[PDB]
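**Student:** The structure follows.
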Amino acid sequence: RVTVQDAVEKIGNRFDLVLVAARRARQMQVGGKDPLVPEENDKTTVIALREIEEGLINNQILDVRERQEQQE
Amino acid sequence: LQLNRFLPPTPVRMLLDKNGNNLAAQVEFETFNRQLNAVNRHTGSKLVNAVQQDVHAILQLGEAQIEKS
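Following this line, the structure appears as structure tokens:
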């Protein structure tokens, strides 16, 4: 990835984008839980941004999954 | 009362398969140890603990097989 304009409108704020992407990247770095999109030698953080742009990752989704496993 | 010379905290090694059979005395820890190698983290823990309830049963065998020991 080079620019992050596509991710701005997906999470409108450009800072909540940063923290949400950091949440997903931390999940994908040591919290296992491989990315849902293929990687191209990309770091975990860029994969998080990529999936955010793909729309399949958002703060709501992360919270839903965290709550679901916290019920376990 | 110097229980050290008589009874200290003492380890007890047991090796249980699915059916709760002992293999500790058949192979020593060290020769066994070279084979082991850790594998992926929490994804692995979830994948293997998908059937973790059996462990609760295993104790009832393992205890039953090591309590006498």
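Chains K and F, in that order, are what the protein sequence lines are. When the letters of the first sequence are read in order and numbered with the authors' numbering, they come out as residues 3 to 74. When the letters of the second sequence are read in order and numbered with the authors' numbering, they come out as residues 830 to 898. By construction, the Cβ of each residue, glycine as well, lies at the ideal position given by its N, Cα and C atoms.
When Cβ atoms are compared, which residues of the segment 18-47 of chain K fall closer than 9 Å to chain F?
**Tutor:** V32, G33, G34, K35, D36
**Student:** Measure the alpha-carbon distance for F:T860 versus F:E896 and round it to whole angstroms.
**Tutor:** Here the C-alpha atom of F:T860 lies approximately 26 Å from the C-alpha atom of F:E896.
**Student:** Given a limit of 9 Å on CB to CB distance, which residues of the segment 848-872 of chain F reach chain K?
**Tutor:** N869, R870, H871, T872
**Student:** Going by C-alpha to C-alpha distance, which of K:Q73, K:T47, K:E71 sits closest to K:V6?
**Tutor:** The shortest Cα separation from K:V6 among K:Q73, K:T47, K:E71 belongs to K:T47.
**Student:** Taking Cβ positions, are K:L64 and K:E53 nearer each other than 8 Å?
**Tutor:** no
**Student:** If you run the structure through DSSP and keep just helix, strand and coil, what is K:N61?
**Tutor:** helix
**Student:** Can the beta-carbon of K:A27 be found closer than 8 Å to that of K:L19?
**Tutor:** No, these two residues do not count as a Cβ contact at 8 Å.
**Student:** Pick from K:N60, K:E74, K:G34, K:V66: whose alpha carbon is nearest that of K:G14?
**Tutor:** K:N60
**Student:** Which term fits K:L51, buried or exposed, when burial requires 16 or more other beta carbons within 10 angstroms of its beta carbon?
**Tutor:** buried
**Student:** Which of the three DSSP states, helix, strand or coil, is assigned to F:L845?
**Tutor:** Three-state DSSP puts F:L845 in a strand.
**Student:** Decide if F:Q855 is buried, meaning its Cβ has at least 16 other Cβ atoms within 10 Å, or exposed.
**Tutor:** exposed
**Student:** What residue ranges within the segment 23-74 of chain K form continuous alpha helix (DSSP H) runs of no fewer than 4 residues, ordered along the chain?
**Tutor:** 46-56, 61-72
**Student:** Using the C-alpha atoms, what's the distance from K:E71 back to residue 109 of chain K?
**Tutor:** Residue 109 of chain K is absent from the structure shown; chain K starts at 3 and stops at 74.
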